[PDB]
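# Provided hereafter are the protein sequence and its experimental coordinates.
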Amino acid sequence: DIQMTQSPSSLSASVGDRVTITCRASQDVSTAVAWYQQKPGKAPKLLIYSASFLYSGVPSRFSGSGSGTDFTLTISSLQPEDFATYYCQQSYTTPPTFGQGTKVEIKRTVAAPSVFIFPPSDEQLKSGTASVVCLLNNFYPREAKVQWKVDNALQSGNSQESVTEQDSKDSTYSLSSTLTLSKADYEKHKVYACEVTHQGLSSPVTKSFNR
Amino acid sequence: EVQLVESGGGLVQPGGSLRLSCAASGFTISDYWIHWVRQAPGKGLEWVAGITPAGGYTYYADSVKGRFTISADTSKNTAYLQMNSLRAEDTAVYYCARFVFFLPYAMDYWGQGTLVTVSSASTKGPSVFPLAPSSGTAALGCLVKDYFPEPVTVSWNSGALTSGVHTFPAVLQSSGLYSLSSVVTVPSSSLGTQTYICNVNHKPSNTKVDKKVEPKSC
């Protein structure tokens, strides 16, 4: 089974940048290599076939090169709508195999997150469980550190984070941290604090409330 | 008008069975290979099975061999993946794609995908709880908790509000149920002067909740 390894696995680049992705096959595959583009919640789109040929309707700024084991995709001038995951694929033998994918991220200037803390609803409490939500809105880069202080105590393995896909307009991320406890355990504590560490912040920001 | 349209994904128990279909329009399936390629949540693209032009031959990945059958019904111009003895690790989005060794010998037309989720958990619709704004410009939202399986749709003020909305990727809780939250930032002058309803949909459980998000008591 022919293995396809892409390089790098992920990258950050700005609009107008020349970007190149490489693909290396575990054995010679002639020029029988294709490149695909994939956007969240959508099927892959053929970009290049036969290593170097532009698929009908794909814009001239996509190009491909290579043969044998080493292959290359180039985007001469990166457009907004070019952030996706790119995949090479070997077509020389059955079964066809894909590379692991290269996530092309959009590089921009550091932006600080607006922090918001949301208490459990009086409606949720009536079910015996309590969810406390901490929001990090519109920030960059992705890397962040959210800390849950509960009556001045750190927490471990009882909160969960989710991160938004890169934004359409301003290319920022957004993050939710959700702290989950029981009602009887939520009731017996007072200060609920969400501590946020981020590069765009001058000093770690705590957003809290009083029970 | 060439296209590949799939259906048949859903929830099955481990050891259960499912059949995915792949309807071709504007070309004859039997003129092409059909491949099924799958994408486990967050992972890459794994080829699963292939059937040859005219139904001459059939190939399977080792992870799937002896459990899955690929074929087609030509009178229906539709290809199939019959999935038996399903396991947790078969949970993925499943794509069909056409292919031939004639140019461009690449996968030019694809189906949209269907979610196959393999679990011993029952279908469960979410509870929807408001995230009431604390205390410039402020934030509010909806917590969509404890549902199975994926996916969930969220929209605000019946679609008349989009700017500044972030619906988060669901997170699998250690209870086995999914949870997510959808959030929006608003002008603090237009809150308490404009009503905010989030519109949660959970098709798998036929659950549709609309929620009025308003400020708290104290």
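Nice, I can see it. Numbering: from 1, shown residues only, chains lettered A, B, ... in the order given.
# please, which helix or strand holds the residue positioned nearest the centre of chain B?
Geometric centre of chain B, nearest residue: residue B:115, 4.5 Å, by C-alpha atoms, centre = their mean. Element membership for residue B:115, per DSSP states H and E: strand B:114-118.
# any bit of that strand sitting next to chain A?
No - Strand B:114-118 does not reach chain A (C-beta under 8 Å from any C-beta of the partner chain); its nearest approach is 10.7 Å. In this view, the C-beta of every residue, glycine as well, is placed from N, C-alpha and C.
# report all helices and strands that that strand contacts.
Helices and strands touching strand B:114-118, by 3 or more C-beta pairs under 8 Å, 6 or more residues apart in numbering or on different chains; DSSP states H and E, are strand B:11-12, strand B:18-25, strand B:92-99.
# what kind of secondary structure is the nearest residue to residue B:157 once chain neighbours are set aside in?
Nearest residue to residue B:157, sequence neighbours excluded (C-beta to C-beta, 6 or more residues apart in numbering or on different chains): residue B:197, at 5.8 Å. Following DSSP: H, G, I helix; E, B strand; the rest coil, residue B:197 is assigned to strand.
# who does the residue nearest to the centre of chain B form a beta bridge with?
residue B:93 (DSSP bridges).
# next one: it from residue B:42, what distance?
13 Å (C-beta to C-beta, to the nearest Å).
# one step back: what sits against the residue nearest to the centre of chain B?
Residue B:115 sits next to B:9, B:10, B:93, B:149, B:150, B:151 when contact means C-beta atoms under 8 Å, 6 or more residues apart in numbering or on different chains.
# surely the first one is in a helix?
No - the assignment for residue B:9 by three-state DSSP gives coil, which leaves it out of any helix.
# what's near enough to touch the closest residue to residue B:173 other than its chain neighbours?
Spatially, and ignoring its direct neighbours in sequence, residue B:173 is nearest to residue B:179 (5.5 Å; C-beta to C-beta, 6+ apart). By C-beta under 8 Å, 6+ apart, residue B:179 lies in contact with A:131, A:178, B:126, B:143, B:144, B:145, B:146, B:147, B:170, B:171, B:173.
# domain parsing for chain A?
In terms of domains, chain A is parsed into A:1-108, A:109-211 (source: curated CATH domains).
# what about the shortest one and chain B, touching?
Yes - where contact is defined by C-beta under 8 Å from any C-beta, part of domain A:109-211 touches chain B, namely A:114, A:116-124, A:127, A:131, A:133, A:135, A:137, A:160-165, A:174, A:176, A:178, A:180, A:207, A:209.
# roughly how far is the strand holding residue B:115 from the heart of the chain?
The chain centre lies 7 Å from the centre of strand B:114-118; the measure is C-alpha atoms, centre = their mean, to the nearest Å.
# next, the angle strand B:92-99 makes with it.
140 degrees (axes from the mean of the first three to the mean of the last three C-alpha atoms, to 10 degrees).
# mind listing the helices for chain B?
Counting by DSSP state H, no segments of chain B form helices.
# good, we can wrap up now.
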